[PDB]
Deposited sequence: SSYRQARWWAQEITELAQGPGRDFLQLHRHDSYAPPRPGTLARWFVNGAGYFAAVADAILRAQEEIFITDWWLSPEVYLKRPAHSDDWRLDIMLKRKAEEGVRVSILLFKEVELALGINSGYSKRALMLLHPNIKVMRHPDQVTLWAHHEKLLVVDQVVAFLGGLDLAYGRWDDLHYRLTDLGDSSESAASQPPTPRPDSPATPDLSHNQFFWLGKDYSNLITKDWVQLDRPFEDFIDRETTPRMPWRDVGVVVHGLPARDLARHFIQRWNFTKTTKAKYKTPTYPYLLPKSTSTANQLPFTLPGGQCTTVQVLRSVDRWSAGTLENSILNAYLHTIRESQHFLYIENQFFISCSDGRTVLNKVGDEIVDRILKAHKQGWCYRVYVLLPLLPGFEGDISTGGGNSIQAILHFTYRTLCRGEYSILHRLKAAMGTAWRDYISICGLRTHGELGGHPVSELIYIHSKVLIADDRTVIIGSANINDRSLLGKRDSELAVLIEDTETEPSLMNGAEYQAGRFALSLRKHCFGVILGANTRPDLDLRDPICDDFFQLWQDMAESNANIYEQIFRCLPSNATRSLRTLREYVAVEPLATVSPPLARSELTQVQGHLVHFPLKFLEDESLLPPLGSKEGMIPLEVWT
């Protein structure tokens, strides 16, 4: 299909039936599959990254220079493969795109990198995509950068000439972004925190690969952004940066048979056109959802008021729940977020300007204010909102220094699942920045199933989508920890079992680690005293390990009353459009 008309959900790309698509949870399998795709490139490699760390390894542990990203791209580039890279140009943030760009272009003359934007702006290029030969395309929330690689283990420690090393995260890759963000990126293989003292912050993300027609659709988005970026500065207008051109479309002859539609967010500054098709697909999929929603997003800033926050994703969830409550349907909404926003800050003393600013708009979407989701549900159903919505986070524990350590599993995913039939994997967070189209540039794909599996829906027979059901059962089985029945996702037996574990796990982590955030600190004056108490994990480690045997999975309830007596807004100069 062509690109003269806008398509479903006002998307530049039409739905591509018969697409072979495969999902990836955590950066382990994603970076490994990316390495396999890079290795078999014959003509072109298209890369967009909000942050690209060149020395990252796509496979672990690192024994050699093989599987290192900048080495692999250098090995394809001089077989004749044209590597075109678009990197977000920061406002020196500390991602240091200048070092990434100069290092990438130093590898081979067949590797060309353009940085955008050059002008001062609050918005960014956020989409993560790698396309090989316009036939294989990777996208999601995973940037080829430090701290993203992780697996089901969610290791908190990395203790054990690359010949005999056994570290999974080398140097700048061993990180805990809340404790301290990156510095000195021109020294990749050196540490910037203490592995013996400070644990890792696990990284949960969801990626996806598509084959065939959607990949050319995604390659056309890159080609549009590329040739448009060629027009943005005099250095890029030279023939040094070649015009990229699409590979005409019916030259299109382990993942599943799907229907995939490519959606994106673009504006005049990011590309030559406007599109908010991710937002459209988000509103529509919520509205047509018949049974449940599984949301796993880094941010959750929604609920329109016309002035501060404009996207109506949260307003679509309240309307969908309020209707299921009036008809008497069985309808669940699972929302999983990182317990803390992703910024450096001392949570022992309140978190900081940036974290509290995000928390303000997080809780405003959830529980605090007239526009919040829960306050509007309680206005129509009272305390029965606990039956329709469940907002949780993740947290795991390990050992370090001879005593148990704990840390939240930073949920960087940007995924939505509806009715075990429809999936949305992309870079778009639930906020105005990623969704409105006018701000950050984003990508997403809508994966609707065609082949179905026998399943259960509230105790009833239900042919569920093969691609979507398998993704949710992977998410549920990991956050819930062998004897569990995960077929039915909306029944009272599972939903009660779900909430019981989210609260019990939340309790145990609070008794043993006294972790933050927590419902036990509703003010800053109370928080000052809560942190002056040493937790049981370090007082009596044998006792702590005893109680930790009762934790099942990583699911912990999201603390709604955490610092609920505080402003959470900064006194400050920064436009509030930055956090919305």
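Gaps without C-alpha coordinates occur at 1 to 21, 114 to 115, 184 to 204, 298 to 304, 533 to 536, 627 to 631, with positions taken along the deposited sequence from 1.
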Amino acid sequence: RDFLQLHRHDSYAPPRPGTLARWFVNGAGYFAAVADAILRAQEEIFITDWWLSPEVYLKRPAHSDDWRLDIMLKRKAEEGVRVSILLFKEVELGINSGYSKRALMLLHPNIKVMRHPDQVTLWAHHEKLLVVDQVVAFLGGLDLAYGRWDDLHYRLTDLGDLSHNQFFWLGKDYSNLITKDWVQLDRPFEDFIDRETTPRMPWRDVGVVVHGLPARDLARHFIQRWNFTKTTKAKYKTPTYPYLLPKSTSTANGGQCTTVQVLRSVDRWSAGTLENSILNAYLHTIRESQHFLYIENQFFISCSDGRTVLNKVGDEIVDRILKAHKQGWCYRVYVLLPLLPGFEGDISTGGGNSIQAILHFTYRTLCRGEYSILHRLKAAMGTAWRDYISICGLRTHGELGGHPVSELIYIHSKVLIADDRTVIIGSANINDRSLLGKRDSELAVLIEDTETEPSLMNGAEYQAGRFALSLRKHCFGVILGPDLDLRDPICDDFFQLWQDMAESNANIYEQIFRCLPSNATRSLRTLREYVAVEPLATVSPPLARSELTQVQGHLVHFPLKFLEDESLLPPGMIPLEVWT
From here on, numbers count along this sequence of modelled residues.
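C-alpha atoms forming the largest set that superposes within 1.5 Å between two forms make up the rigid core.
The stretch that moves more in 4 other deposited structures of this protein, judged by CA deviation after a rigid core superposition and choosing between 199 to 207 and 162 to 170, is 162 to 170. Annotation: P15 does not belong to the positions left without coordinates in a third of the other compared entries; each one with flanking residues models it. Gaps at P559 occur in none of the other compared entries of the protein that contain both adjacent residues, all of which model it rather than a third dropping it.
Looking at 6 to 14 and 565 to 573 together, the entry lists the larger mean B-factor for 565 to 573, computed on C-alpha atoms. Higher average CA B factor: 192 to 200, of the stretches 80 to 88 and 192 to 200. Highest C-alpha temperature factor among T349, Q261, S302, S441, as the PDB entry reports it: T349. Which of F467, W182, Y388, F222 has the largest Cα B-factor in the deposited entry comes down to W182.
In this PDB entry, the Cα temperature factor of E407 sits in the middle third of its chain's modelled residues. Sorting the modelled residues of the chain by their CA temperature factor places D173 in the middle third.
Compared with the other modelled residues of the chain, the Cα B-factor recorded for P541 ranks in the highest third. When all modelled residues of the chain are sorted by CA temperature factor, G314 is found within the lowest third. Per the PDB record, residue ranking by Cα B-factor puts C515 in the middle third of the chain.
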